[PDB]
file start16.tsv (TSV, N, CA and C atoms)
chain	number	residue	atom	x	y	z
A	496	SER	N	1.95	6.78	-23.71
A	496	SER	CA	2.50	6.05	-22.54
A	496	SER	C	1.44	5.89	-21.46
A	497	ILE	N	1.43	4.72	-20.82
A	497	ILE	CA	0.46	4.41	-19.77
A	497	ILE	C	1.19	3.83	-18.57
A	498	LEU	N	0.55	3.86	-17.41
A	498	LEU	CA	1.16	3.31	-16.21
A	498	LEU	C	0.47	2.00	-15.82
A	499	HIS	N	1.25	0.93	-15.76
A	499	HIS	CA	0.74	-0.39	-15.42
A	499	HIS	C	1.94	-1.16	-14.88
A	500	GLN	N	2.20	-1.00	-13.59
A	500	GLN	CA	3.33	-1.65	-12.94
A	500	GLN	C	2.90	-2.67	-11.90
A	501	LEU	N	3.49	-3.85	-11.98
A	501	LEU	CA	3.20	-4.94	-11.04
A	501	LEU	C	4.38	-5.13	-10.09
A	502	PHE	N	4.08	-5.37	-8.81
A	502	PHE	CA	5.09	-5.60	-7.78
A	502	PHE	C	4.67	-6.79	-6.91
A	503	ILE	N	5.61	-7.63	-6.52
A	503	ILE	CA	5.28	-8.75	-5.64
A	503	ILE	C	5.22	-8.19	-4.21
A	504	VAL	N	4.16	-8.49	-3.47
A	504	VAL	CA	4.04	-8.01	-2.09
A	504	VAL	C	3.44	-9.09	-1.20
A	505	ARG	N	3.61	-8.92	0.11
A	505	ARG	CA	3.09	-9.85	1.11
A	505	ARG	C	2.38	-9.04	2.20
A	506	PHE	N	1.12	-9.36	2.46
A	506	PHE	CA	0.34	-8.63	3.45
A	506	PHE	C	0.65	-9.00	4.89
A	507	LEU	N	0.94	-7.98	5.70
A	507	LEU	CA	1.28	-8.18	7.11
A	507	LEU	C	0.12	-7.92	8.08
A	508	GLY	N	-0.65	-6.86	7.83
A	508	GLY	CA	-1.76	-6.54	8.72
A	508	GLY	C	-2.34	-5.16	8.50
A	509	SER	N	-3.45	-4.87	9.20
A	509	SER	CA	-4.14	-3.59	9.10
A	509	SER	C	-4.75	-3.15	10.44
A	510	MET	N	-4.95	-1.84	10.58
A	510	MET	CA	-5.53	-1.27	11.79
A	510	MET	C	-6.37	-0.04	11.45
A	511	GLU	N	-7.48	0.15	12.16
A	511	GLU	CA	-8.27	1.36	11.95
A	511	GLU	C	-7.42	2.44	12.64
A	512	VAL	N	-7.35	3.63	12.04
A	512	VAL	CA	-6.57	4.72	12.62
A	512	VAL	C	-7.39	6.00	12.58
A	513	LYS	N	-6.87	7.05	13.21
A	513	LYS	CA	-7.56	8.33	13.21
A	513	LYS	C	-7.29	8.98	11.86
A	514	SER	N	-8.21	9.84	11.43
A	514	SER	CA	-8.06	10.54	10.16
A	514	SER	C	-7.14	11.73	10.39
A	515	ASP	N	-5.87	11.44	10.67
A	515	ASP	CA	-4.87	12.47	10.94
A	515	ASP	C	-4.37	13.16	9.68
A	516	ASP	N	-3.09	12.99	9.36
A	516	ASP	CA	-2.50	13.61	8.18
A	516	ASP	C	-0.99	13.48	8.03
A	517	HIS	N	-0.34	12.69	8.89
A	517	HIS	CA	1.11	12.55	8.79
A	517	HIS	C	1.61	11.11	8.63
A	518	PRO	N	2.68	10.93	7.84
A	518	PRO	CA	3.29	9.62	7.58
A	518	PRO	C	3.57	8.80	8.84
A	519	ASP	N	3.54	9.45	10.00
A	519	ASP	CA	3.80	8.76	11.25
A	519	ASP	C	2.73	7.71	11.53
A	520	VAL	N	1.52	7.96	11.05
A	520	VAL	CA	0.42	7.01	11.23
A	520	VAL	C	0.85	5.67	10.62
A	521	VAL	N	1.45	5.72	9.43
A	521	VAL	CA	1.89	4.49	8.75
A	521	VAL	C	2.99	3.80	9.57
A	522	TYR	N	4.03	4.56	9.91
A	522	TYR	CA	5.15	4.03	10.68
A	522	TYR	C	4.69	3.43	12.00
A	523	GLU	N	3.82	4.14	12.72
A	523	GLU	CA	3.32	3.64	14.00
A	523	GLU	C	2.53	2.35	13.81
A	524	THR	N	1.76	2.27	12.72
A	524	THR	CA	0.97	1.08	12.40
A	524	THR	C	1.89	-0.07	12.01
A	525	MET	N	2.97	0.22	11.29
A	525	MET	CA	3.90	-0.84	10.90
A	525	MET	C	4.48	-1.48	12.15
A	526	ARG	N	4.88	-0.66	13.12
A	526	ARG	CA	5.45	-1.15	14.37
A	526	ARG	C	4.45	-1.95	15.20
A	527	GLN	N	3.26	-1.39	15.42
A	527	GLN	CA	2.27	-2.08	16.24
A	527	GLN	C	1.87	-3.43	15.64
A	528	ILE	N	1.83	-3.51	14.31
A	528	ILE	CA	1.47	-4.75	13.61
A	528	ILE	C	2.57	-5.80	13.69
A	529	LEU	N	3.81	-5.38	13.44
A	529	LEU	CA	4.94	-6.29	13.51
A	529	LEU	C	5.05	-6.83	14.94
A	530	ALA	N	4.79	-5.96	15.92
A	530	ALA	CA	4.86	-6.37	17.32
A	530	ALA	C	3.77	-7.38	17.66
A	531	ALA	N	2.53	-7.07	17.30
A	531	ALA	CA	1.42	-7.98	17.57
A	531	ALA	C	1.62	-9.36	16.94
A	532	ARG	N	2.13	-9.39	15.71
A	532	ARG	CA	2.37	-10.65	15.01
A	532	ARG	C	3.38	-11.52	15.77
A	533	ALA	N	4.54	-10.95	16.09
A	533	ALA	CA	5.58	-11.68	16.80
A	533	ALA	C	5.19	-12.11	18.21
A	534	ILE	N	4.55	-11.22	18.97
A	534	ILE	CA	4.13	-11.54	20.33
A	534	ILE	C	3.17	-12.72	20.33
A	535	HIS	N	2.38	-12.82	19.26
A	535	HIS	CA	1.40	-13.88	19.15
A	535	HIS	C	1.82	-15.03	18.22
A	536	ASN	N	3.12	-15.12	17.94
A	536	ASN	CA	3.71	-16.19	17.11
A	536	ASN	C	3.19	-16.34	15.67
A	537	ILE	N	2.88	-15.22	15.01
A	537	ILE	CA	2.39	-15.25	13.63
A	537	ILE	C	3.51	-14.99	12.62
A	538	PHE	N	3.72	-15.93	11.69
A	538	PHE	CA	4.76	-15.80	10.67
A	538	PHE	C	4.22	-15.82	9.25
A	539	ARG	N	3.08	-16.47	9.07
A	539	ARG	CA	2.43	-16.59	7.77
A	539	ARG	C	2.20	-15.23	7.09
A	540	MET	N	2.22	-15.24	5.75
A	540	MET	CA	2.00	-14.04	4.94
A	540	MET	C	1.36	-14.38	3.60
A	541	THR	N	0.41	-13.55	3.19
A	541	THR	CA	-0.28	-13.75	1.92
A	541	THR	C	0.44	-12.97	0.82
A	542	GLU	N	0.97	-13.67	-0.18
A	542	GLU	CA	1.66	-13.02	-1.29
A	542	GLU	C	0.72	-12.72	-2.45
A	543	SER	N	0.83	-11.51	-3.00
A	543	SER	CA	0.01	-11.07	-4.12
A	543	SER	C	0.84	-10.19	-5.04
A	544	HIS	N	0.25	-9.78	-6.15
A	544	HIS	CA	0.90	-8.86	-7.06
A	544	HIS	C	0.14	-7.55	-6.85
A	545	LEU	N	0.86	-6.50	-6.50
A	545	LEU	CA	0.23	-5.20	-6.32
A	545	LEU	C	0.31	-4.53	-7.68
A	546	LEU	N	-0.84	-4.13	-8.22
A	546	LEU	CA	-0.85	-3.47	-9.52
A	546	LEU	C	-1.20	-1.99	-9.31
A	547	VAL	N	-0.40	-1.11	-9.91
A	547	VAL	CA	-0.62	0.33	-9.79
A	547	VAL	C	-1.04	0.94	-11.13
A	548	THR	N	-2.20	1.60	-11.14
A	548	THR	CA	-2.71	2.27	-12.34
A	548	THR	C	-3.07	3.68	-11.90
A	549	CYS	N	-3.38	4.55	-12.86
A	549	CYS	CA	-3.73	5.93	-12.52
A	549	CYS	C	-5.12	6.01	-11.90
A	550	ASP	N	-5.84	4.89	-11.91
A	550	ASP	CA	-7.19	4.85	-11.35
A	550	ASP	C	-7.28	4.13	-10.01
A	551	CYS	N	-6.36	3.21	-9.76
A	551	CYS	CA	-6.43	2.48	-8.50
A	551	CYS	C	-5.24	1.60	-8.17
A	552	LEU	N	-5.30	1.04	-6.97
A	552	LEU	CA	-4.32	0.09	-6.48
A	552	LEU	C	-5.09	-1.22	-6.40
A	553	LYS	N	-4.50	-2.31	-6.87
A	553	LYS	CA	-5.14	-3.62	-6.81
A	553	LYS	C	-4.18	-4.69	-6.30
A	554	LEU	N	-4.73	-5.67	-5.59
A	554	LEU	CA	-3.94	-6.79	-5.08
A	554	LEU	C	-4.46	-7.99	-5.86
A	555	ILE	N	-3.57	-8.62	-6.61
A	555	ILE	CA	-3.91	-9.76	-7.47
A	555	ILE	C	-3.26	-11.08	-7.05
A	556	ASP	N	-3.97	-12.18	-7.25
A	556	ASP	CA	-3.42	-13.50	-6.93
A	556	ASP	C	-2.52	-13.90	-8.10
A	557	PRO	N	-1.22	-14.11	-7.83
A	557	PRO	CA	-0.20	-14.48	-8.83
A	557	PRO	C	-0.54	-15.57	-9.85
A	558	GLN	N	-1.01	-16.72	-9.39
A	558	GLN	CA	-1.32	-17.80	-10.31
A	558	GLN	C	-2.69	-17.70	-10.99
A	559	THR	N	-3.74	-17.46	-10.21
A	559	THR	CA	-5.09	-17.36	-10.77
A	559	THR	C	-5.35	-16.04	-11.49
A	560	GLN	N	-4.60	-15.01	-11.12
A	560	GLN	CA	-4.76	-13.69	-11.72
A	560	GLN	C	-6.08	-13.04	-11.33
A	561	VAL	N	-6.64	-13.47	-10.20
A	561	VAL	CA	-7.89	-12.91	-9.70
A	561	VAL	C	-7.57	-11.74	-8.77
A	562	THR	N	-8.31	-10.64	-8.93
A	562	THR	CA	-8.13	-9.45	-8.11
A	562	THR	C	-8.82	-9.66	-6.76
A	563	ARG	N	-8.05	-9.68	-5.68
A	563	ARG	CA	-8.64	-9.88	-4.36
A	563	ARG	C	-9.19	-8.61	-3.72
A	564	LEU	N	-8.53	-7.49	-3.97
A	564	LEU	CA	-8.95	-6.20	-3.43
A	564	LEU	C	-8.59	-5.09	-4.42
A	565	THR	N	-9.38	-4.02	-4.42
A	565	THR	CA	-9.11	-2.86	-5.26
A	565	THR	C	-9.36	-1.62	-4.39
A	566	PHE	N	-8.49	-0.62	-4.51
A	566	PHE	CA	-8.63	0.60	-3.73
A	566	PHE	C	-8.60	1.82	-4.65
A	567	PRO	N	-9.65	2.66	-4.61
A	567	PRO	CA	-9.66	3.84	-5.48
A	567	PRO	C	-8.47	4.73	-5.12
A	568	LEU	N	-7.63	5.03	-6.11
A	568	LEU	CA	-6.45	5.85	-5.88
A	568	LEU	C	-6.72	7.16	-5.14
A	569	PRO	N	-7.84	7.83	-5.43
A	569	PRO	CA	-8.10	9.09	-4.71
A	569	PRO	C	-8.39	8.93	-3.22
A	570	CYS	N	-8.64	7.69	-2.78
A	570	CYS	CA	-8.92	7.40	-1.38
A	570	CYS	C	-7.62	7.01	-0.66
A	571	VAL	N	-6.58	6.74	-1.44
A	571	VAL	CA	-5.27	6.39	-0.89
A	571	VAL	C	-4.67	7.76	-0.56
A	572	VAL	N	-4.94	8.22	0.66
A	572	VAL	CA	-4.51	9.54	1.11
A	572	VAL	C	-3.08	9.63	1.65
A	573	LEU	N	-2.53	8.50	2.08
A	573	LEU	CA	-1.17	8.46	2.62
A	573	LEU	C	-0.56	7.13	2.22
A	574	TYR	N	0.73	7.13	1.93
A	574	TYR	CA	1.44	5.92	1.55
A	574	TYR	C	2.92	6.14	1.76
A	575	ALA	N	3.63	5.10	2.21
A	575	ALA	CA	5.05	5.24	2.45
A	575	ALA	C	5.74	3.92	2.73
A	576	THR	N	7.04	3.92	2.51
A	576	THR	CA	7.85	2.76	2.79
A	576	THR	C	8.59	3.22	4.03
A	577	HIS	N	9.21	2.32	4.78
A	577	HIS	CA	9.92	2.75	5.97
A	577	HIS	C	11.32	3.18	5.56
A	578	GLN	N	11.72	4.36	6.02
A	578	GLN	CA	13.03	4.93	5.72
A	578	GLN	C	14.18	3.99	6.10
A	579	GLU	N	13.99	3.20	7.16
A	579	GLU	CA	15.02	2.27	7.62
A	579	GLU	C	14.85	0.84	7.11
A	580	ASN	N	13.87	0.61	6.25
A	580	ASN	CA	13.65	-0.72	5.70
A	580	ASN	C	12.70	-0.62	4.51
A	581	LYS	N	13.28	-0.51	3.31
A	581	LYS	CA	12.52	-0.37	2.07
A	581	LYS	C	11.74	-1.62	1.69
A	582	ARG	N	11.81	-2.64	2.53
A	582	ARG	CA	11.09	-3.87	2.27
A	582	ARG	C	9.65	-3.67	2.73
A	583	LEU	N	9.42	-2.66	3.56
A	583	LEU	CA	8.09	-2.38	4.09
A	583	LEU	C	7.36	-1.25	3.36
A	584	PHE	N	6.06	-1.43	3.15
A	584	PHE	CA	5.24	-0.43	2.47
A	584	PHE	C	3.86	-0.40	3.13
A	585	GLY	N	3.27	0.79	3.22
A	585	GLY	CA	1.96	0.90	3.83
A	585	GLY	C	1.22	2.11	3.30
A	586	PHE	N	-0.11	2.07	3.39
A	586	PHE	CA	-0.92	3.20	2.94
A	586	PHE	C	-2.21	3.28	3.76
A	587	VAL	N	-2.82	4.46	3.77
A	587	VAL	CA	-4.06	4.67	4.50
A	587	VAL	C	-5.20	4.86	3.52
A	588	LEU	N	-6.28	4.13	3.75
A	588	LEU	CA	-7.43	4.24	2.88
A	588	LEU	C	-8.46	5.04	3.66
A	589	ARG	N	-8.87	6.18	3.12
A	589	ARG	CA	-9.85	7.01	3.79
A	589	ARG	C	-11.14	7.04	2.99
A	590	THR	N	-12.21	6.49	3.57
A	590	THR	CA	-13.51	6.46	2.91
A	590	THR	C	-14.39	7.62	3.40
A	591	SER	N	-15.11	8.24	2.47
A	591	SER	CA	-15.99	9.35	2.80
A	591	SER	C	-17.33	8.84	3.32
A	599	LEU	N	-13.18	10.88	8.12
A	599	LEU	CA	-14.39	10.18	8.54
A	599	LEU	C	-14.04	8.78	9.07
A	600	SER	N	-13.52	7.92	8.20
A	600	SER	CA	-13.13	6.56	8.59
A	600	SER	C	-11.85	6.17	7.86
A	601	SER	N	-10.83	5.77	8.61
A	601	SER	CA	-9.55	5.39	8.01
A	601	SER	C	-8.97	4.07	8.50
A	602	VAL	N	-8.34	3.35	7.58
A	602	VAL	CA	-7.70	2.07	7.86
A	602	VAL	C	-6.32	2.08	7.23
A	603	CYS	N	-5.32	1.65	7.99
A	603	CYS	CA	-3.96	1.59	7.49
A	603	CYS	C	-3.55	0.15	7.14
A	604	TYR	N	-3.06	-0.05	5.91
A	604	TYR	CA	-2.64	-1.38	5.43
A	604	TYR	C	-1.12	-1.50	5.32
A	605	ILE	N	-0.56	-2.57	5.89
A	605	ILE	CA	0.89	-2.77	5.88
A	605	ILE	C	1.35	-4.00	5.08
A	606	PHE	N	2.36	-3.80	4.22
A	606	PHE	CA	2.92	-4.86	3.39
A	606	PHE	C	4.45	-4.95	3.42
A	607	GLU	N	4.94	-6.07	2.92
A	607	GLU	CA	6.36	-6.35	2.80
A	607	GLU	C	6.56	-6.54	1.29
A	608	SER	N	7.73	-6.19	0.77
A	608	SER	CA	8.00	-6.35	-0.65
A	608	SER	C	9.45	-6.77	-0.85
A	609	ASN	N	9.78	-7.20	-2.06
A	609	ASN	CA	11.13	-7.63	-2.39
A	609	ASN	C	12.04	-6.42	-2.58
A	610	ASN	N	12.17	-5.62	-1.52
A	610	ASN	CA	13.01	-4.42	-1.52
A	610	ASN	C	12.56	-3.38	-2.55
A	611	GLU	N	11.25	-3.30	-2.79
A	611	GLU	CA	10.73	-2.36	-3.77
A	611	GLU	C	9.86	-1.25	-3.18
A	612	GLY	N	9.98	-1.05	-1.87
A	612	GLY	CA	9.20	-0.03	-1.19
A	612	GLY	C	9.25	1.34	-1.82
A	613	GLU	N	10.44	1.78	-2.21
A	613	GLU	CA	10.61	3.08	-2.83
A	613	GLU	C	10.00	3.11	-4.23
A	614	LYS	N	10.22	2.03	-4.98
A	614	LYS	CA	9.68	1.90	-6.34
A	614	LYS	C	8.16	1.97	-6.34
A	615	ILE	N	7.55	1.35	-5.34
A	615	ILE	CA	6.10	1.34	-5.22
A	615	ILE	C	5.60	2.76	-4.98
A	616	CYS	N	6.21	3.46	-4.02
A	616	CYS	CA	5.79	4.83	-3.73
A	616	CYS	C	5.95	5.73	-4.96
A	617	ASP	N	7.05	5.58	-5.70
A	617	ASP	CA	7.26	6.41	-6.89
A	617	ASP	C	6.17	6.10	-7.92
A	618	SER	N	5.82	4.82	-8.02
A	618	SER	CA	4.79	4.37	-8.95
A	618	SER	C	3.44	5.01	-8.62
A	619	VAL	N	3.09	4.98	-7.33
A	619	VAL	CA	1.84	5.57	-6.87
A	619	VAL	C	1.84	7.08	-7.13
A	620	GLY	N	2.92	7.75	-6.72
A	620	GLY	CA	3.01	9.18	-6.94
A	620	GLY	C	2.81	9.53	-8.41
A	621	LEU	N	3.49	8.80	-9.28
A	621	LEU	CA	3.40	9.05	-10.71
A	621	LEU	C	1.99	8.75	-11.20
A	622	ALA	N	1.38	7.71	-10.66
A	622	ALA	CA	0.02	7.34	-11.01
A	622	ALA	C	-0.94	8.48	-10.65
A	623	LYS	N	-0.72	9.10	-9.49
A	623	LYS	CA	-1.58	10.20	-9.07
A	623	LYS	C	-1.38	11.43	-9.97
A	624	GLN	N	-0.17	11.62	-10.49
A	624	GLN	CA	0.10	12.76	-11.37
A	624	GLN	C	-0.61	12.58	-12.71
A	625	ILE	N	-0.62	11.35	-13.21
A	625	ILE	CA	-1.28	11.05	-14.47
A	625	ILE	C	-2.79	11.26	-14.29
A	626	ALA	N	-3.32	10.84	-13.15
A	626	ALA	CA	-4.75	11.00	-12.87
A	626	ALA	C	-5.10	12.48	-12.75
A	627	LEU	N	-4.22	13.26	-12.12
A	627	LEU	CA	-4.45	14.70	-11.97
A	627	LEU	C	-4.44	15.40	-13.34
A	628	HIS	N	-3.53	14.98	-14.22
A	628	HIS	CA	-3.43	15.54	-15.57
A	628	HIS	C	-4.75	15.35	-16.30
A	629	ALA	N	-5.26	14.12	-16.25
A	629	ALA	CA	-6.53	13.80	-16.89
A	629	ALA	C	-7.64	14.67	-16.29
A	630	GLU	N	-7.59	14.87	-14.98
A	630	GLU	CA	-8.60	15.68	-14.29
A	630	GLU	C	-8.61	17.13	-14.75
A	631	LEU	N	-7.42	17.67	-14.99
A	631	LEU	CA	-7.30	19.06	-15.43
A	631	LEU	C	-7.46	19.25	-16.94
A	632	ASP	N	-7.34	18.17	-17.70
A	632	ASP	CA	-7.46	18.24	-19.16
A	632	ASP	C	-8.89	18.15	-19.70
A	633	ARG	N	-9.16	18.92	-20.75
A	633	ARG	CA	-10.47	18.92	-21.40
A	633	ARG	C	-10.83	17.53	-21.90
call {"tool": "encode", "arguments": {"input": "start16.tsv", "output": "structure tokens"}}
result
Amino acid sequence: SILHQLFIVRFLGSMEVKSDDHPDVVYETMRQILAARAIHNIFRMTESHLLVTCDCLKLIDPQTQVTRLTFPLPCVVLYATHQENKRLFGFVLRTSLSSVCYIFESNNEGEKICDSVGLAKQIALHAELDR
């Protein structure tokens, strides 16, 4: 068995954040981004397919199938959907110090995405501990 799950997502925005350690960073970033977009009359959104593997997270263009961005799973230090709106998903990418929080919208699959990532990290950890 292998992990290869695709989810439709739409990118909302990103912000550099402090290298903290709590899910609140995501929630606070989701709010500040949604606020900035609306205050400045922004409605547009880029739709992609988020692919989750035990090695990374990738954002793919639906029709062309071209990978626009790839994030090493071990650098995805925080990720969460909003408890009050499972349509929202976000994660923090920490490079080896420096952190950026990415916010997305999904077709009500916020929880599914997080479970997928968690499971992906478990598979990667298994491989790490195995001979």
call {"tool": "residues_around", "arguments": {"input": "start16.tsv", "residues": "residue 573 of chain A", "least_positions_apart": "3", "cutoff": "6.5 Å", "atoms": "all atoms listed in the file", "output": "PyMOL selection string"}}
result
chain A and resi 570+585-588
call {"tool": "residues_around", "arguments": {"input": "start16.tsv", "residues": "residue 512 of chain A", "least_positions_apart": "5", "cutoff": "5 Å", "atoms": "all atoms listed in the file", "output": "ChimeraX atom specification"}}
result
/A:601-603
call {"tool": "closest_residue", "arguments": {"input": "start16.tsv", "among": "A:496, A:579, A:584, A:561", "to": "residue 604 of chain A", "atoms": "only N, CA and C atoms"}}
result
A:584
call {"tool": "atom_distance", "arguments": {"input": "start16.tsv", "atom1": "atom CA of residue 544 of chain A", "atom2": "atom N of residue 508 of chain A"}}
result
15.1 Å
call {"tool": "residues_around", "arguments": {"input": "start16.tsv", "residues": "segment 607-623 of chain A", "least_positions_apart": "6", "cutoff": "7 Å", "atoms": "all atoms listed in the file", "output": "list in words"}}
result
residues 498, 503, 504, 505, 506, 507, 547, 548, 549, 550, 574, 575, 576, 577, 580, 581, 582, 583 and 584 of chain A
call {"tool": "atom_distance", "arguments": {"input": "start16.tsv", "atom1": "atom N of residue 510 of chain A", "atom2": "atom C of residue 522 of chain A"}}
result
11.1 Å
call {"tool": "atom_distance", "arguments": {"input": "start16.tsv", "atom1": "atom C of residue 509 of chain A", "atom2": "atom N of residue 605 of chain A"}}
result
6.2 Å
call {"tool": "closest_residue", "arguments": {"input": "start16.tsv", "among": "A:560, A:546, A:628, A:571", "to": "residue 499 of chain A", "atoms": "only C-alpha atoms"}}
result
A:546
call {"tool": "select_by_dssp", "arguments": {"input": "start16.tsv", "residues": "chain A", "states": "alpha helix (DSSP H)", "output": "number ranges by chain"}}
result
A: 519-534, 612-631
call {"tool": "select_by_dssp", "arguments": {"input": "start16.tsv", "residues": "segment 514-569 of chain A", "states": "strand (DSSP E)", "output": "number ranges by chain"}}
result
A: 541-547, 551-555, 562-567
call {"tool": "residues_near_point", "arguments": {"input": "start16.tsv", "point": "(-3.0, -15.0, -11.4)", "cutoff": "12 Å", "atoms": "only C-alpha atoms", "output": "list in words"}}
result
residues 501, 503, 542, 543, 544, 545, 546, 554, 555, 556, 557, 558, 559, 560, 561, 562 and 563 of chain A
call {"tool": "build_atoms", "arguments": {"input": "start16.tsv", "residues": "segment 556-574 of chain A", "atoms": "N, CA, C and O atoms", "output": "PDB file, in the coordinates of the input"}}
result
ATOM      1  N   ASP A 556      -3.970 -12.180  -7.250  1.00  0.00           N
ATOM      2  CA  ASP A 556      -3.420 -13.500  -6.930  1.00  0.00           C
ATOM      3  C   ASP A 556      -2.520 -13.900  -8.100  1.00  0.00           C
ATOM      4  O   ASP A 556      -2.976 -14.020  -9.233  1.00  0.00           O
ATOM      5  N   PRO A 557      -1.220 -14.110  -7.830  1.00  0.00           N
ATOM      6  CA  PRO A 557      -0.200 -14.480  -8.830  1.00  0.00           C
ATOM      7  C   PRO A 557      -0.540 -15.570  -9.850  1.00  0.00           C
ATOM      8  O   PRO A 557      -0.389 -15.361 -11.064  1.00  0.00           O
ATOM      9  N   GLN A 558      -1.010 -16.720  -9.390  1.00  0.00           N
ATOM     10  CA  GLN A 558      -1.320 -17.800 -10.310  1.00  0.00           C
ATOM     11  C   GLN A 558      -2.690 -17.700 -10.990  1.00  0.00           C
ATOM     12  O   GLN A 558      -2.783 -17.828 -12.206  1.00  0.00           O
ATOM     13  N   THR A 559      -3.740 -17.460 -10.210  1.00  0.00           N
ATOM     14  CA  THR A 559      -5.090 -17.360 -10.770  1.00  0.00           C
ATOM     15  C   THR A 559      -5.350 -16.040 -11.490  1.00  0.00           C
ATOM     16  O   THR A 559      -6.224 -15.971 -12.354  1.00  0.00           O
ATOM     17  N   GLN A 560      -4.600 -15.010 -11.120  1.00  0.00           N
ATOM     18  CA  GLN A 560      -4.760 -13.690 -11.720  1.00  0.00           C
ATOM     19  C   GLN A 560      -6.080 -13.040 -11.330  1.00  0.00           C
ATOM     20  O   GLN A 560      -6.584 -12.163 -12.037  1.00  0.00           O
ATOM     21  N   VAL A 561      -6.640 -13.470 -10.200  1.00  0.00           N
ATOM     22  CA  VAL A 561      -7.890 -12.910  -9.700  1.00  0.00           C
ATOM     23  C   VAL A 561      -7.570 -11.740  -8.770  1.00  0.00           C
ATOM     24  O   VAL A 561      -6.683 -11.829  -7.927  1.00  0.00           O
ATOM     25  N   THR A 562      -8.310 -10.640  -8.930  1.00  0.00           N
ATOM     26  CA  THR A 562      -8.130  -9.450  -8.110  1.00  0.00           C
ATOM     27  C   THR A 562      -8.820  -9.660  -6.760  1.00  0.00           C
ATOM     28  O   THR A 562     -10.044  -9.788  -6.700  1.00  0.00           O
ATOM     29  N   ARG A 563      -8.050  -9.680  -5.680  1.00  0.00           N
ATOM     30  CA  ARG A 563      -8.640  -9.880  -4.360  1.00  0.00           C
ATOM     31  C   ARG A 563      -9.190  -8.610  -3.720  1.00  0.00           C
ATOM     32  O   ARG A 563     -10.221  -8.647  -3.027  1.00  0.00           O
ATOM     33  N   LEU A 564      -8.530  -7.490  -3.970  1.00  0.00           N
ATOM     34  CA  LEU A 564      -8.950  -6.200  -3.430  1.00  0.00           C
ATOM     35  C   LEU A 564      -8.590  -5.090  -4.420  1.00  0.00           C
ATOM     36  O   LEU A 564      -7.622  -5.209  -5.166  1.00  0.00           O
ATOM     37  N   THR A 565      -9.380  -4.020  -4.420  1.00  0.00           N
ATOM     38  CA  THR A 565      -9.110  -2.860  -5.260  1.00  0.00           C
ATOM     39  C   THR A 565      -9.360  -1.620  -4.390  1.00  0.00           C
ATOM     40  O   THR A 565     -10.319  -1.581  -3.624  1.00  0.00           O
ATOM     41  N   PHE A 566      -8.490  -0.620  -4.510  1.00  0.00           N
ATOM     42  CA  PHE A 566      -8.630   0.600  -3.730  1.00  0.00           C
ATOM     43  C   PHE A 566      -8.600   1.820  -4.650  1.00  0.00           C
ATOM     44  O   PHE A 566      -7.642   2.011  -5.398  1.00  0.00           O
ATOM     45  N   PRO A 567      -9.650   2.660  -4.610  1.00  0.00           N
ATOM     46  CA  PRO A 567      -9.660   3.840  -5.480  1.00  0.00           C
ATOM     47  C   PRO A 567      -8.470   4.730  -5.120  1.00  0.00           C
ATOM     48  O   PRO A 567      -8.332   5.150  -3.973  1.00  0.00           O
ATOM     49  N   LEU A 568      -7.630   5.030  -6.110  1.00  0.00           N
ATOM     50  CA  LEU A 568      -6.450   5.850  -5.880  1.00  0.00           C
ATOM     51  C   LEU A 568      -6.720   7.160  -5.140  1.00  0.00           C
ATOM     52  O   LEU A 568      -5.925   7.575  -4.293  1.00  0.00           O
ATOM     53  N   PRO A 569      -7.840   7.830  -5.430  1.00  0.00           N
ATOM     54  CA  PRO A 569      -8.100   9.090  -4.710  1.00  0.00           C
ATOM     55  C   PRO A 569      -8.390   8.930  -3.220  1.00  0.00           C
ATOM     56  O   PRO A 569      -8.380   9.905  -2.466  1.00  0.00           O
ATOM     57  N   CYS A 570      -8.640   7.690  -2.780  1.00  0.00           N
ATOM     58  CA  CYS A 570      -8.920   7.400  -1.380  1.00  0.00           C
ATOM     59  C   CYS A 570      -7.620   7.010  -0.660  1.00  0.00           C
ATOM     60  O   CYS A 570      -7.578   6.948   0.567  1.00  0.00           O
ATOM     61  N   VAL A 571      -6.580   6.740  -1.440  1.00  0.00           N
ATOM     62  CA  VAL A 571      -5.270   6.390  -0.890  1.00  0.00           C
ATOM     63  C   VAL A 571      -4.670   7.760  -0.560  1.00  0.00           C
ATOM     64  O   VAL A 571      -4.014   8.380  -1.396  1.00  0.00           O
ATOM     65  N   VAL A 572      -4.940   8.220   0.660  1.00  0.00           N
ATOM     66  CA  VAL A 572      -4.510   9.540   1.110  1.00  0.00           C
ATOM     67  C   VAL A 572      -3.080   9.630   1.650  1.00  0.00           C
ATOM     68  O   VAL A 572      -2.495  10.721   1.681  1.00  0.00           O
ATOM     69  N   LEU A 573      -2.530   8.500   2.080  1.00  0.00           N
ATOM     70  CA  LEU A 573      -1.170   8.460   2.620  1.00  0.00           C
ATOM     71  C   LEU A 573      -0.560   7.130   2.220  1.00  0.00           C
ATOM     72  O   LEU A 573      -1.254   6.113   2.177  1.00  0.00           O
ATOM     73  N   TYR A 574       0.730   7.130   1.930  1.00  0.00           N
ATOM     74  CA  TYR A 574       1.440   5.920   1.550  1.00  0.00           C
ATOM     75  C   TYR A 574       2.920   6.140   1.760  1.00  0.00           C
ATOM     76  O   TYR A 574       3.430   7.233   1.535  1.00  0.00           O
TER      77      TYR A 574
END
